[PDB]
């Protein structure tokens, strides 16, 4: 299936680049998956004094049965990278809510390794409760700054990412955990470490 809307003015696509820093004012190869429930503009905005890819999302009040249906699902296609000697994949993730009071966001990471059926999903989904935010200190530009980490030795389905396993795509999903989130999201510094 494909989720479609009228042409949207994304920032230039650029070329797949890791670490993804967005400092060339392009998306450095990131784009929505054709199945992403969010297809609005991906632009390069400043977040916490660095350029970051960004989009807007307000999840539906009526929650879909399928937990990824309404989710931003962003992908770095055809990067053909490998983890090397890195234990983690990590990135800066920022929120600028106009509404956030209940439920949570559940952030998942996956890859598409041609040797592993084109899908390998990190086990360690990260949940951000929206009631936690009001007590969290914001950045000077009014964002909530998370550095999210995924242990690449914890993968579903007994699949193993070796140092040399080719990862053709990287996918990040920000799913709605029964939340009332509305606002802006940003990613920066997407890298293995």
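Positions refer to the first chain, counted from 1.
Asker: Between 71-79 and 95-103, name whichever shows the higher mean Cα B factor according to the PDB entry.
Answerer: 95-103 has the higher mean C-alpha B-factor.
Asker: Per the PDB record, is the mean Cα temperature factor higher over 13-21 or over 167-175?
Answerer: Averaging CA B-factors over each stretch, the winner is 13-21.
Asker: Highest CA temperature factor in the entry: which of 136, 52, 155, 148?
Answerer: Highest CA B-factor of the listed options: 136.
Asker: Is the Cα B-factor recorded for residue 31 in the lowest, middle or highest third of its chain?
Answerer: It belongs to the lowest third of the chain when residues are ordered by C-alpha B-factor.
Asker: Using the B-factors in the PDB entry, rank residue 115's C-alpha atom against the chain and give the third, lowest, middle or highest.
Answerer: Middle third of the chain for residue 115's C-alpha B-factor.
Asker: Of the three thirds of its chain by CA temperature factor, lowest, middle or highest, which one includes residue 128?
Answerer: Its C-alpha B-factor, which the entry lists for residue 128, ranks in the middle third among residues of this chain.
Asker: Among all modelled residues of this chain, ranked by Cα B factor, put residue 161 in the bottom, middle or top third, i.e. lowest, middle or highest.
Answerer: Its C-alpha B-factor, which the entry lists for residue 161, ranks in the lowest third among residues of this chain.
Asker: Could you place residue 108 in the lowest, middle or highest third of its chain by Cα temperature factor, using the values in the record?
Answerer: Answer is lowest: the recorded C-alpha B-factor places it there.
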